[PDB]
Number of protein chains: 2
Amino acid sequence: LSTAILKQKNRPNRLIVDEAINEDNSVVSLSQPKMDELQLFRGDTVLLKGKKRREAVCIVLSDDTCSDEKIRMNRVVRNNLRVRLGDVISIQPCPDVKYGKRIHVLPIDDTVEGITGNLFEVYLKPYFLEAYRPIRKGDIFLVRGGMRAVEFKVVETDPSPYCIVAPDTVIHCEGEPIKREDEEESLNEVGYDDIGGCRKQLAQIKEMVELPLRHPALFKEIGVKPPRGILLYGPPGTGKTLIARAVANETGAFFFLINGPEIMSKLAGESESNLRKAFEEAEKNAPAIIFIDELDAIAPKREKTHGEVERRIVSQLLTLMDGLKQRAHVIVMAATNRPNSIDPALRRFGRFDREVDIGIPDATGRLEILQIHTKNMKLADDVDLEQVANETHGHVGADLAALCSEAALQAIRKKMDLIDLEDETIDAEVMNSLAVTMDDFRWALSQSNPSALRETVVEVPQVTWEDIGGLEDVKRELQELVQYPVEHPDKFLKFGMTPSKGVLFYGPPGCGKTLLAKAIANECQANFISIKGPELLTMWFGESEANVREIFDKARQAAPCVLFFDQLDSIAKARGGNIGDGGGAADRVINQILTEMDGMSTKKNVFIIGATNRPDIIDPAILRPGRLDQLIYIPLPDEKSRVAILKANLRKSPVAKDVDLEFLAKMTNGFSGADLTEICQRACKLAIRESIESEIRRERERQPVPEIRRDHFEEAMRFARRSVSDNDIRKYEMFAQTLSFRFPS
Amino acid sequence: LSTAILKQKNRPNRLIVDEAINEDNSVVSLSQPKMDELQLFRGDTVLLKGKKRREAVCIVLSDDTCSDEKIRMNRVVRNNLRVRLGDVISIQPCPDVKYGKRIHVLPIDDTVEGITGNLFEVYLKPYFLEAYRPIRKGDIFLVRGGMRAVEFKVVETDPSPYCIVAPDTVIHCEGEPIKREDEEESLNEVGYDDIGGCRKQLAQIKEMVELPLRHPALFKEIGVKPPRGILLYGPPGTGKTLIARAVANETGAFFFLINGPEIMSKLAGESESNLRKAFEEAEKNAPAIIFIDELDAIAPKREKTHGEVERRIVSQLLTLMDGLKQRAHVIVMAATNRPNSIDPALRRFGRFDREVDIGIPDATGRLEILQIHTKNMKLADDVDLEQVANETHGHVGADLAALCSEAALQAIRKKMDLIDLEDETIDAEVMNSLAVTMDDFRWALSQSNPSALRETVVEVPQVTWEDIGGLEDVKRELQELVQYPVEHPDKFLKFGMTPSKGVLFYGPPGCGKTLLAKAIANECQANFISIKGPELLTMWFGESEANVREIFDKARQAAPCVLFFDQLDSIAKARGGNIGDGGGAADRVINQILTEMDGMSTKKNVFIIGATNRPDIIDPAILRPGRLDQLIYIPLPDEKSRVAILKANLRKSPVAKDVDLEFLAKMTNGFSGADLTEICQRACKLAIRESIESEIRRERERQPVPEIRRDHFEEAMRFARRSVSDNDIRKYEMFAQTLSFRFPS
Ligand SMILES: Cc1cc(OCc2nnc(SC3CCCC3)n2-c2cccnc2)ccc1-c1ccc(S(C)(=O)=O)cc1
Ligand SMILES: Cc1cc(OCc2nnc(SC3CCCC3)n2-c2cccnc2)ccc1-c1ccc(S(C)(=O)=O)cc1
Ligand SMILES: Nc1ncnc2c1ncn2[C@@H]1O[C@H](COP(=O)(O)OP(=O)(O)OP(=O)(O)O)[C@@H](O)[C@H]1O
Ligand SMILES: Nc1ncnc2c1ncn2[C@@H]1O[C@H](COP(=O)(O)OP(=O)(O)OP(=O)(O)O)[C@@H](O)[C@H]1O
Ligand SMILES: Nc1ncnc2c1ncn2[C@@H]1O[C@H](COP(=O)(O)OP(=O)(O)OP(=O)(O)O)[C@@H](O)[C@H]1O
Ligand SMILES: Nc1ncnc2c1ncn2[C@@H]1O[C@H](COP(=O)(O)OP(=O)(O)OP(=O)(O)O)[C@@H](O)[C@H]1O
Ligand SMILES: [Mg+2]
Ligand SMILES: [Mg+2]
Ligand SMILES: [Mg+2]
Ligand SMILES: [Mg+2]
């Protein structure tokens, strides 16, 4: 499975973090069956591993009230392992822990601010007297006594790293106090849990980076060599640098970070020296990871570069990439937001040959990002991260971070009156009053401008079959065409028939062709790419055929994908229709589409769908085998289908049950689904106007309309008119006709 | 609220500057309830803070004639705090002011010009004998005695900064006299009060620059990180450098100024060293502000740059921007008049991610600029800064400064006869006679050429509903469509209807579609962007579709905004109308408009309005949902509406009450609003010609017409003719028609 590597295992060592009844900063409690399963004795020293490279040592004890799958755990060592209640930690035996020869500790600034007494005698000596506490370098532990409990950081141990505080162990705390800034920076370091909406990408990165270095013998045994170059790409602000930081803080391998402007800001001969030194340092500390952030800064296209030194730097990078012998256990990672700007030589074999797309997050992904970014943010109960996530189409993670910052700024604006710039300090009542409400998020949404609105949307559509009324035979035919090869390929192989991978929807406008394409993409849970008429017209007017290939390339990277071409006749009408131009049924954009379809015919998991309201003026070459060779007529709905359409459109609108949708459908004989949606929208508009006017009337008098009613629908049927005439219907009929026989008995 | 930070608070310490009855240069007087509220004793030394970083010390005394909210204040210490009568200052206790050990003072040049006696004995000793005056470094104080009072500047104090002049304090005044040029430069330093028309921008700058450095704990508590990079952009002469100077003179943080030509004029390796030294200096003196004026000079687009050293400088700037850790408390500000010319990498996250638009001022803003620039200018009573401000469309602050300079030059030209170049001095009668009159401003206006006339105008229209006659149902429909979603969004959410965000006005020409768009923009107080037919035609002829997106980008930065597309049929007529060309209802510019409308559909506070006189030849794709899907017919006015139109057009023209506008309206059956305006304009022209000829006749005889009359309107009705024929009206009628039913009982 694609994300099977992200699965952490149901193992006896894995334990759920639980609160501690009576536990000091040196012990943890487990259930007796858990010690029996783990062969752990009471009083044994045990090593605990948690999130973000964190390790600690404790004393394992028995607790009859402790669950088998849980470990009792006080707050101090929870802070040490950077874990919260309900998190999962790993417990192992920690043998051969020797008595400490000498330990150097340092207090935290605010815990010692105002403390002038002897730290040793007041705090450390009673805390470490006849206790034999196990400690680790970098541990943070809180000590009682004095007027005020003081937190200390174990900055040095001998023997290292783990030592027992014996009575003869020399403890000293003389040195520069550990500042709170360092502790906060260490606490807020980025791990994998700080990335949202990139579950596929995280799994792929672990498979291609962490796994080969973690277990090289795994790939050696099966006789394959792991890729050497992984290139992260995506639009700016998608989290490539954040993923780099997470990998750096989460990896056991040696990590070296290289920035583009880092290298390019140095003098000629120092950039090359730094690059070579980085590669040599990685090779010396194998297994190692080299991350080159902003690769396009150092390696643009060599021919399109004018600097001599720049070309020399690109050549040096190519040579260093080729210098790895696949036993150096060095994996080079790179991030760029302009993958095309990279020199193509770097994308060859033995180089950055693997590519991971950190794309634009969907609604679930951006909800995850919002939850991550607001986890340490003071919020109110009215804040619905659901609603913000649904309303932030086109936002990337950086845009969502800016949105949260602007919401907080609006929250501060709401308290501006109690806050003065000239004031040396801010009252604590204002401080604890400060919270980010839903109104602040709404204002930030109103003021936010997304950076990825012009990017092509590649996602699974929300439209399902309940969103479509009628068309049951069309639904069954689409399901067969798209899913039978997927679900029963052996049946197609047995009869020797290659399935058709292209369908054209044709019919009157507003009958559900776009809905059908979206729904068939949704049922298969495949990505959906929609190319509308204005985009084809943009390529036609600008004479920019070459962009068509780009579209198909996206469909390849997004497979399984449904490539949908809506309004294939847009260029045909733009030329004037059937008799508009002297030329006949051949244009540049559709020609490139034909070539790209022929190229895509070998990609099994990309299904191409076309839609047109004017099948007569469509280029016939698109209906040839290997192209949209299946044809489905989407007709005007009949009365039952019209009832279904009216019911589907009114699901989200409160409608009184006295309204009879069957009569509405039977009276709208020649109406399309779009016309019925227009009727429903106008009825809702009338109801909203009535409710607003009634609320205004009451708001005046002090100084109704809960549902749409039958009079609303009648007043909507004033303006309702059928968009498709009988002429058009008949034209589709002779198109369908122009698409008895028995064997002798 | 957006400008809530600019609100300075109603606080007891805040005091209105008032004149002093009997106060020396060392005391201030307050009301007894004010001391009781502030817990201030009589004789206490008090610190006073004013505009432009100014501080001073005085002795607080009681005055029964002093108002509670006012402080009595002599002229000398008003000059010290750089404040005038009616200004607001802050008063606080100033404890632990020690006796001065040694003070060094220096006189002002003209106050000591011609003074050869001992300054100490004549002036300072009687002024500081048994007085115990509190003084500050940099104080300016005037001393009596001699033949002539002398101003002195306290250039050194010990102890510093505040000291008491004790009897044993050693006062000396031996040194280079403080020149008047230095004092004048210090006096005329730019503060926030020197910027006009940038109230939003000043509030935003204080929120994003002054606030994070002022109170970092405010952002730390709410768990957000303040932006690191703020980029000021706008057309040249809008005051970005002036805002930089104001921030430098108004900020408590350390300020470092970097200029583009500053850095780029140095040799290779010295520019980079200066940039790194600036960043290190800012980090050492945190909190600090780095301002990089003319950022485009040092950081153009790297690919579009050919210099090796230039690319290295851009990379170094990127590295320095990334080097900040958000605890360095360093905020980097930059100003550029070519924001697109900036390398895009500098506009990413962790870099110049916030942008403030110092745009073209409106009439109120340029009135503020004129008042600021002429505050120290000798003006006459006929000068109406109102009238200059209304007449300077397209002017930026620099243009207004040049206008004032040219007006002063014309004033000097008017006195040229009494002024000779060869003269060694100019008579004082000419000096005090020199004043800038309204005629000088009129001449400067005639000779002024604005630098921002070709920029897109983004402002709230002056047109209101009184400016429009009739169209009451259209006014109500527009108000509903535009304001009901804004005022009552919960009603739309309850019924599940997404409001239409696009309307198309159609009808005969000259009936008020542009007026309706402007008025609906004005009622909501939203920005208005008008795209006329010639602009669309310019994009069509030049095949420059890509500029359309620019327009929509403006609408995003100006939200809440009304985007108005006037004469959508201009390209359609240019192609020849309905049958002009073989192609049908599809062109490049309207195609880009469709794509941009689809992109803008997610921006709630941008409303798009289209207008056309030929709805038949409009591309139908623009009427689809998500586009201008609402349609409003603006018909020819009826008789009552024509009376209203004639009344509205004649509001600003003196009309005799014998004129009957009802008869004019009833006789002009098929006239449009433009035709009625033509009639009114021709009548005014006839009246003006009559009045001019009568004035000429009297001016001849020596060596009438106060209002428009009925004969004027009759002679105008000579040439008045209806622009719209019945053919066109009927065409609109079958367009409207082509846009009984009851539920069963
Ligand atoms: C069995 C088969 C399956 C196939 O592909 C299956 C498939 N997977 N995803 C998709 S679509 C994607 C998923 C949902 C939306 C997008 N498909 C697919 C392909 C074509 C039509 N429908 C479905 C191709 C070709 C064949 C075969 C049949 C016969 C022969 S032989 C030797 O001439 O006898 C050779 C090859
Ligand atoms: C309530 C709502 C308001 C809105 O926007 C309000 C708005 N603010 N400024 C403007 S315009 C600007 C101000 C004056 C001139 C320019 N508008 C606005 C937008 C559209 C039409 N009229 C006004 C958008 C969309 C909605 C909504 C309705 C229903 C649903 S749901 C879940 O399907 O039920 C979802 C969303
Ligand atoms: N998927 C995500 N989950 C959580 N936070 C994210 C995500 N994507 C971006 N962010 C946040 O938004 C910002 C994006 O900055 P980051 O450096 O990670 O982006 P980038 O794509 O590497 O940048 P660029 O391509 O412009 O160099 C960071 O503050 C990061 O924490
Ligand atoms: N069968 C249907 N069930 C539900 N809604 C429908 C149906 N047919 C049409 N509609 C509605 O009509 C509108 C447009 O439908 P859609 O985009 O799928 O049509 P189309 O055939 O591609 O034609 P067009 O060129 O008008 O877009 C939407 O509001 C959609 O909900
Ligand atoms: N809003 C304003 N209020 C007051 N004075 C202004 C304003 N805008 C400009 N000025 C004045 O006009 C001149 C504009 O020069 P300034 O250096 O401030 O402009 P700029 O926009 O930074 O310049 P450029 O973009 O060409 O570098 C100055 O003399 C300034 O005092
Ligand atoms: N109802 C009206 N009330 C007042 N003035 C009106 C009215 N209708 C038209 N006018 C006048 O007609 C002139 C042009 O009007 P406007 O620009 O709004 O019309 P339009 O419908 O957009 O047509 P056009 O293509 O002629 O500009 C202006 O002088 C305007 O004052
Ligand atoms: Mg990055
Ligand atoms: Mg559609
Ligand atoms: Mg400047
Ligand atoms: Mg007009």
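Just so it is clear, chain A uses Swiss-Prot numbers, and the residues here are 12-714, 727-762, 770-775, in order.
Yeah, the Cβs are placed from backbone N, Cα and C, and that goes for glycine too.
Between the listed residues A:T436, A:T475, A:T613, Swiss-Prot assigns phosphothreonine to A:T436, with no corresponding entry for the rest in that record. Looking up A:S326, A:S581, A:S702 in Swiss-Prot shows the phosphoserine annotation sitting on A:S702. Cα spacing between A:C522 (ATP 2 binding site) and A:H384 (ATP 1 binding site): 42 Å, rounded to the nearest whole number. Between the alpha carbons (Cα) of A:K754 (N6-acetyllysine) and A:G521 (ATP 2 binding site) lies a span of roughly 16 Å. Residue annotation for ATP 1 gives A:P247, A:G248, A:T249, A:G250, A:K251, A:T252, A:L253, A:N348, A:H384. The furthest Cα pair among them is separated by 22 Å. Between the alpha carbons (Cα) of A:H384 (ATP 1 binding site) and A:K18 (SUMO2 cross-link) lies a span of roughly 24 Å. When the alpha carbons of A:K502 (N6-acetyllysine) and A:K251 (ATP 1 binding site) are compared, the span between them is 44 angstrom. Checked against A:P247 (ATP 1 binding site), the recorded positions A:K18, A:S37, A:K505, A:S770 differ in C-alpha distance, with A:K18 being the nearest.
A:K668 (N6-acetyllysine) sits 53 Å from A:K251 (ATP 1 binding site), taking the C-alpha atoms as the reference points. Ranking the recorded positions A:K18, A:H384 by the number of CB atoms within 10 A of their own CB puts A:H384 at the top. Candidate recorded positions A:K505, A:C522, A:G523, A:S702 yield A:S702 as lying near chain B, with Cβ-Cβ distance under 8 angstroms.
Fewest other C-beta atoms within 10 angstroms, among the binding-site residues A:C522, A:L526, are seen around A:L526. Annotated pair A:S775 (phosphoserine) and A:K524 (ATP 2 binding site), C-alpha to C-alpha distance, rounded: 43 Å.
Counting other CB atoms no more than 10 Å from each candidate's CB, the recorded positions A:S13, A:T249, A:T436 peak at A:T249. Across the binding-site residues listed here (A:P247, A:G521, A:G523), the residue whose Cβ sits among the most other Cβ atoms within 10 Å is A:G523.
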